[PDB]
2 protein chains.
Amino acid sequence: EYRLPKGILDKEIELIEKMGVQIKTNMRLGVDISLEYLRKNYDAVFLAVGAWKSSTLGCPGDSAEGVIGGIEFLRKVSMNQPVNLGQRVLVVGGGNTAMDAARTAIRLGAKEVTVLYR
Amino acid sequence: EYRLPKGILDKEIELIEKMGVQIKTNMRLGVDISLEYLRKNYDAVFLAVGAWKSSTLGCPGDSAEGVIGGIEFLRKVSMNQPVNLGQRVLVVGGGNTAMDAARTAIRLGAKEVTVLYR
């Protein structure tokens with residue numbers, strides 16, 4: 001939110017909806033909606049699902065409690081869901097996800113946050 | 001159609017739709033739509049799927065071509081889909097399905113139709 005406030009995003013999406021676009025939220029492909037349904041009742045289908053599966057650490061013990069994916073952590077923070085942070089946080093990576101997670105952890109009350117890049 | 005014309009049925013269903021009921025046709029549970037979607041987006045779900053799987057003959061060779069289920073044959077006839085009859089037609093059963101299939105076959109040009117009841 002400190003880089004892109006969500007009110008601006010809401011206003012832009014409302015402008016898009018004002019053009020006649022019907023946005024059905026909470027609808028998931030493969031869970032709520034099958035691809036056959038869309039292919040049958042729609043002339044064209046455009047998939048913009050995006051990369052929504054954070055990579056695992058790839059080292060033994062990556063499934064231990066207290067290790068969370070970057071985008072999942074940021075989604076929990078944005079949704080105001082309770083996350084289990086702590087005094088010490090290490091972020092593994094060097095992309096936008098790592099820096100956003102580090103700064104969010106700093107703003108979420110972590111005493112020290114350290115980013116590890118290879 | 002000779003027992004229940006479909007125009008009357010269409011008129012009654014149109015009367016029902018005039019009350020505010022939204023009938024989404026060509027939507028199938030488990031194929032086009034999911035039970036979880038209904039349970040999430042709707043307060044109550046009422047299932048009236050009916051018995052839509054005709055029983056197989058239960059004898060060897062029941063899968064040979066030229067053996068067709070009663071309700072499937074009647075659905076093909078009602079939908080005006082091309083069905084493969086012949087001069088000789090046998091009907092196995094004694095319910096409404098068997099009698100309707102026999103009379104439809106008689107009206108579809110079968111020279112002789114015989115109903116076999118145990």
# chains A, B, ... in the order shown; residues from 1 in each chain; ligands from 1
call {"tool": "residues_around", "arguments": {"residues": "residue 49 in chain B", "least_positions_apart": "4", "cutoff": "12 Å", "atoms": "only C-alpha atoms", "output": "VMD selection string"}}
result
chain B and resid 28 to 30 45 53
call {"tool": "interface_residues", "arguments": {"of": "chain A", "to": "chain B", "cutoff": "8 Å", "atoms": "only C-alpha atoms", "output": "NGL selection string"}}
result
:A and (31-34 or 36-37)
call {"tool": "write_last_selection", "arguments": {"atoms": "N, CA and C atoms", "output": "CSV table (one decimal), in the first residue's frame"}}
result
chain,number,residue,atom,x,y,z
A,31,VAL,N,-12.0,-25.0,-10.2
A,31,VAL,CA,-12.6,-25.2,-8.9
A,31,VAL,C,-14.1,-24.8,-9.0
A,32,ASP,N,-14.4,-23.5,-9.3
A,32,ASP,CA,-15.7,-23.1,-9.5
A,32,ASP,C,-16.2,-23.1,-11.0
A,33,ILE,N,-15.2,-23.0,-11.9
A,33,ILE,CA,-15.5,-22.9,-13.4
A,33,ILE,C,-14.5,-23.8,-14.1
A,34,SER,N,-15.1,-24.7,-15.0
A,34,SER,CA,-14.3,-25.5,-15.8
A,34,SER,C,-14.0,-24.8,-17.1
A,36,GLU,N,-14.1,-26.1,-20.0
A,36,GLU,CA,-15.1,-26.5,-21.0
A,36,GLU,C,-16.3,-25.6,-21.0
A,37,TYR,N,-16.7,-25.2,-19.8
A,37,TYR,CA,-17.8,-24.2,-19.7
A,37,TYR,C,-17.5,-22.9,-20.5
call {"tool": "select_by_dssp", "arguments": {"residues": "range 43-109 of chain B", "states": "strand (DSSP E or B)", "output": "PyMOL selection string"}}
result
chain B and resi 88-92
call {"tool": "write_last_selection", "arguments": {"atoms": "N, CA, C and O atoms", "output": "PDB file, in the first residue's frame"}}
result
ATOM      1  N   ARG B  88     -37.407 -54.735 -37.398  1.00  0.00           N
ATOM      2  CA  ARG B  88     -37.715 -55.518 -36.208  1.00  0.00           C
ATOM      3  C   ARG B  88     -37.187 -54.798 -34.975  1.00  0.00           C
ATOM      4  O   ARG B  88     -35.990 -54.491 -34.892  1.00  0.00           O
ATOM      5  N   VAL B  89     -38.076 -54.542 -34.018  1.00  0.00           N
ATOM      6  CA  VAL B  89     -37.736 -53.859 -32.778  1.00  0.00           C
ATOM      7  C   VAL B  89     -38.265 -54.682 -31.612  1.00  0.00           C
ATOM      8  O   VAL B  89     -39.436 -55.073 -31.604  1.00  0.00           O
ATOM      9  N   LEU B  90     -37.401 -54.944 -30.636  1.00  0.00           N
ATOM     10  CA  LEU B  90     -37.777 -55.573 -29.380  1.00  0.00           C
ATOM     11  C   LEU B  90     -37.651 -54.555 -28.259  1.00  0.00           C
ATOM     12  O   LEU B  90     -36.736 -53.729 -28.266  1.00  0.00           O
ATOM     13  N   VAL B  91     -38.579 -54.599 -27.310  1.00  0.00           N
ATOM     14  CA  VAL B  91     -38.545 -53.741 -26.133  1.00  0.00           C
ATOM     15  C   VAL B  91     -38.536 -54.631 -24.901  1.00  0.00           C
ATOM     16  O   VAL B  91     -39.417 -55.482 -24.738  1.00  0.00           O
ATOM     17  N   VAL B  92     -37.542 -54.438 -24.040  1.00  0.00           N
ATOM     18  CA  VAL B  92     -37.380 -55.225 -22.826  1.00  0.00           C
ATOM     19  C   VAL B  92     -37.797 -54.348 -21.654  1.00  0.00           C
ATOM     20  O   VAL B  92     -37.136 -53.348 -21.349  1.00  0.00           O
TER      21      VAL B  92
END
call {"tool": "select_by_dssp", "arguments": {"residues": "chain B", "states": "alpha helix (DSSP H)", "output": "ChimeraX atom specification"}}
result
/B:6-17,35-41,70-78,96-107
call {"tool": "write_last_selection", "arguments": {"atoms": "N, CA and C atoms", "output": "CSV table (one decimal), in the first residue's frame"}}
result
chain,number,residue,atom,x,y,z
B,6,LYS,N,-45.3,-30.5,-26.5
B,6,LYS,CA,-44.3,-29.7,-25.9
B,6,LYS,C,-44.6,-28.2,-25.9
B,7,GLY,N,-45.6,-27.7,-26.7
B,7,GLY,CA,-46.0,-26.3,-26.6
B,7,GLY,C,-46.6,-26.0,-25.3
B,8,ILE,N,-47.4,-26.9,-24.7
B,8,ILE,CA,-48.0,-26.7,-23.4
B,8,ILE,C,-46.9,-26.6,-22.4
B,9,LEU,N,-46.0,-27.5,-22.4
B,9,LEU,CA,-44.9,-27.5,-21.5
B,9,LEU,C,-44.1,-26.2,-21.6
B,10,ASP,N,-43.8,-25.7,-22.8
B,10,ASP,CA,-43.1,-24.5,-23.0
B,10,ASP,C,-43.9,-23.3,-22.4
B,11,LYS,N,-45.2,-23.3,-22.6
B,11,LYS,CA,-46.0,-22.2,-22.0
B,11,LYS,C,-46.0,-22.2,-20.5
B,12,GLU,N,-46.1,-23.4,-19.9
B,12,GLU,CA,-46.0,-23.5,-18.4
B,12,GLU,C,-44.7,-23.0,-17.9
B,13,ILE,N,-43.6,-23.5,-18.5
B,13,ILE,CA,-42.3,-23.1,-18.1
B,13,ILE,C,-42.0,-21.6,-18.3
B,14,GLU,N,-42.6,-21.0,-19.3
B,14,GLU,CA,-42.5,-19.6,-19.5
B,14,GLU,C,-43.3,-18.8,-18.4
B,15,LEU,N,-44.5,-19.4,-18.0
B,15,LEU,CA,-45.2,-18.8,-16.9
B,15,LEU,C,-44.3,-18.8,-15.6
B,16,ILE,N,-43.6,-19.9,-15.4
B,16,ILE,CA,-42.8,-20.0,-14.2
B,16,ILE,C,-41.7,-19.0,-14.3
B,17,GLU,N,-41.1,-18.8,-15.5
B,17,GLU,CA,-40.0,-17.8,-15.6
B,17,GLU,C,-40.5,-16.4,-15.5
B,35,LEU,N,-20.4,-28.3,-7.4
B,35,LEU,CA,-21.2,-28.3,-6.2
B,35,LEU,C,-20.6,-27.2,-5.2
B,36,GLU,N,-19.3,-27.1,-5.1
B,36,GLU,CA,-18.7,-26.1,-4.2
B,36,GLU,C,-19.1,-24.7,-4.6
B,37,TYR,N,-19.2,-24.4,-5.9
B,37,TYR,CA,-19.6,-23.1,-6.4
B,37,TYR,C,-21.0,-22.8,-5.9
B,38,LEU,N,-21.9,-23.8,-6.1
B,38,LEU,CA,-23.3,-23.6,-5.6
B,38,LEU,C,-23.4,-23.4,-4.1
B,39,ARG,N,-22.6,-24.2,-3.4
B,39,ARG,CA,-22.7,-24.1,-1.9
B,39,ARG,C,-22.1,-22.8,-1.4
B,40,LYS,N,-21.2,-22.2,-2.2
B,40,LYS,CA,-20.5,-20.9,-1.8
B,40,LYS,C,-21.4,-19.7,-2.2
B,41,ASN,N,-21.9,-19.7,-3.4
B,41,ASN,CA,-22.6,-18.5,-3.9
B,41,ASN,C,-24.1,-18.6,-3.6
B,70,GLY,N,-33.8,-47.2,-23.1
B,70,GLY,CA,-35.1,-46.7,-23.4
B,70,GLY,C,-35.2,-45.1,-23.3
B,71,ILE,N,-34.7,-44.6,-22.2
B,71,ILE,CA,-34.8,-43.1,-22.1
B,71,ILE,C,-33.8,-42.4,-23.0
B,72,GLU,N,-32.7,-43.0,-23.3
B,72,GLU,CA,-31.8,-42.4,-24.3
B,72,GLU,C,-32.4,-42.4,-25.7
B,73,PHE,N,-33.1,-43.5,-26.1
B,73,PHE,CA,-33.8,-43.6,-27.4
B,73,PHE,C,-34.9,-42.5,-27.4
B,74,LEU,N,-35.6,-42.4,-26.3
B,74,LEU,CA,-36.7,-41.4,-26.3
B,74,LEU,C,-36.2,-40.0,-26.3
B,75,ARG,N,-35.0,-39.8,-25.7
B,75,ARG,CA,-34.4,-38.4,-25.8
B,75,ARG,C,-33.9,-38.1,-27.2
B,76,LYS,N,-33.3,-39.1,-27.9
B,76,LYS,CA,-32.9,-38.9,-29.2
B,76,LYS,C,-34.1,-38.6,-30.1
B,77,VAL,N,-35.2,-39.3,-29.9
B,77,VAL,CA,-36.5,-39.1,-30.7
B,77,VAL,C,-37.0,-37.7,-30.4
B,78,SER,N,-37.1,-37.3,-29.2
B,78,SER,CA,-37.6,-36.0,-28.8
B,78,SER,C,-36.8,-34.9,-29.4
B,96,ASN,N,-43.5,-47.4,-18.0
B,96,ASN,CA,-43.9,-46.4,-19.0
B,96,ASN,C,-42.8,-46.2,-20.1
B,97,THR,N,-41.6,-46.4,-19.7
B,97,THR,CA,-40.5,-46.3,-20.7
B,97,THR,C,-40.7,-47.3,-21.8
B,98,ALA,N,-41.0,-48.6,-21.5
B,98,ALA,CA,-41.1,-49.6,-22.5
B,98,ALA,C,-42.3,-49.3,-23.4
B,99,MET,N,-43.4,-48.9,-22.9
B,99,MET,CA,-44.6,-48.7,-23.7
B,99,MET,C,-44.4,-47.5,-24.6
B,100,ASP,N,-43.8,-46.4,-24.0
B,100,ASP,CA,-43.5,-45.2,-24.8
B,100,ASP,C,-42.6,-45.5,-26.0
B,101,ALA,N,-41.5,-46.3,-25.7
B,101,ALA,CA,-40.6,-46.7,-26.7
B,101,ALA,C,-41.2,-47.5,-27.8
B,102,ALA,N,-42.1,-48.5,-27.4
B,102,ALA,CA,-42.8,-49.3,-28.3
B,102,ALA,C,-43.7,-48.5,-29.3
B,103,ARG,N,-44.4,-47.6,-28.7
B,103,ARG,CA,-45.3,-46.8,-29.5
B,103,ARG,C,-44.6,-45.8,-30.4
B,104,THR,N,-43.5,-45.2,-29.9
B,104,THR,CA,-42.6,-44.4,-30.7
B,104,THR,C,-42.0,-45.2,-31.9
B,105,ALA,N,-41.6,-46.4,-31.6
B,105,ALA,CA,-41.0,-47.2,-32.7
B,105,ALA,C,-42.1,-47.6,-33.7
B,106,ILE,N,-43.3,-47.8,-33.2
B,106,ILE,CA,-44.4,-48.0,-34.2
B,106,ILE,C,-44.7,-46.8,-35.0
B,107,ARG,N,-44.6,-45.6,-34.4
B,107,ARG,CA,-44.8,-44.4,-35.2
B,107,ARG,C,-43.6,-44.0,-36.0
